[PDB]
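Here's a solo chain for you in structure tokens, the form deposited in one PDB entry.
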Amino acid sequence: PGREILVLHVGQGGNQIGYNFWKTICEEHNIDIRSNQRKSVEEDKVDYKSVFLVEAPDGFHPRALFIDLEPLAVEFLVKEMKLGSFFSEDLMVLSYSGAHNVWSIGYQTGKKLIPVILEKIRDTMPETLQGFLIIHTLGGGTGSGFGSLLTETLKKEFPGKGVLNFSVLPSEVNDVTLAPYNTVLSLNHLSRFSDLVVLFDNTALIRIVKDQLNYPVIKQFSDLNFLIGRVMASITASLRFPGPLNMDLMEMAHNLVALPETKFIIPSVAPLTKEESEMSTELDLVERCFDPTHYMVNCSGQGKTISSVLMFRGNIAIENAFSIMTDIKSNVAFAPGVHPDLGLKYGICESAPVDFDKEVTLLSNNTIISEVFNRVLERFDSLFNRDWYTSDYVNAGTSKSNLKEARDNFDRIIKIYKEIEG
């Protein structure tokens, strides 16, 4: 036993993303998410299902908790996707009142549910658990505030285990006017308590779906969240399937986090379609990953890479993987202090994602985060300097001084990234 991970889904976005993640994980392991059973013995592959899946005599179950302060997003999702026997009731921690898009309400109200969450974790977690993934949006109130509280709680309650966040930033025009407050408060908390924060935003995700997958229409978030699930699944594939070069969660974090504060990561994946996977080279896929068209955070350009992790999945020519390294280092901009021989961390897994020939996933620690975060800060200041929308933060235990303290620590992180940029 070992390497087990527990996934916490928080708020509407966090749980809706959970559907796509768990659908992907079950598909990769030949598990029928509706029967809880292997689809067949003959197509059962040599693998390590226990990373994300709990095998019981009756079948397989997600090592997950489904957490929200209001019940509708989760209940409607479970009904629509027919997930009742997989997202089972004993894995849900739901209240009734909602956070009303205020981080502070999410944080305060979430405290009441922490005892039940810790008891559920300690009831079923193996002692060799390697860590936790928290899936949440930052612009609402529950994912942001309760998600922040959970990050703090787990890091305090389980020292020595990894806490990783998969976190959705607001879109280029925010669709929650309070999102700058919720985002600054969340990123301040994750800077204090997370080990690694992998970021996404819907402007980038919509651009990828319309321009790389050419979907005619996006009617449900499941036709966006699949990209987040793909990143989550591919970066953990070498924990779950054979391959020449495997890597675990903190191995990836250690290679990425050059200074303690630089833990905010931009992900990308290539190719997005099966047809492209059959007509591309390792070099072509890596170049796509390093191109802003494939970044899952909306960026103005390539930025400067401090450190990166590349996962090669599937039908990979190892000599191409290694020989293109000088080309990556020459063609992609890296931060001034990065030695020509450094800044790359490789995993190589023999398992391709569903029906693809091969796939590359990139996690980049990139100075361009400063531009992304500065835009959040500019939005924050436009509200805070006018004292707009602060009342319900103050009423729920976040004083105006506290908001300012979170802003100023956020700015300090931004300046660290900008300084590395040169």
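A residue's number is simply how far along the shown sequence it sits, counting from 1. Just so we're on the same page, rigid core means the largest C-alpha set that superposes within 1.5 Å between forms.
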Between 318-326 and 225-233, which has the higher average C-alpha B-factor in the PDB entry?
318-326
Pick between 347-355 and 132-140: the one whose mean CA B-factor in the entry is higher.
347-355
Whose C-alpha has the highest temperature factor in the PDB entry: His254, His294, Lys219, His189?
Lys219
Which one of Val309, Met247, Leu283, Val198 shows the top CA temperature factor in the record?
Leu283
Please place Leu8 in the lowest, middle or highest third of its chain according to the CA B-factor in the PDB entry.
middle
Quick check for you: using the entry's CA B-factors within this chain, is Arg240 in the lowest, middle or highest third?
middle
Sorting the chain's modelled residues by C-alpha B-factor, tell me whether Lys274 ends up in the lowest, middle or highest third.
highest
Chain thirds by Cα B factor, record data; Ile33 belongs to the highest
Ranked against its chain, the third holding the CA B-factor of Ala396
middle
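From this point on, the text means the form deposited in another entry, which you will not see here.
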Quick one: lay the two forms over each other on the core and tell me which of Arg38, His61, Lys45, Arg375 moves its CA by at least 2 angstroms between this form and the one not shown.
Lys45
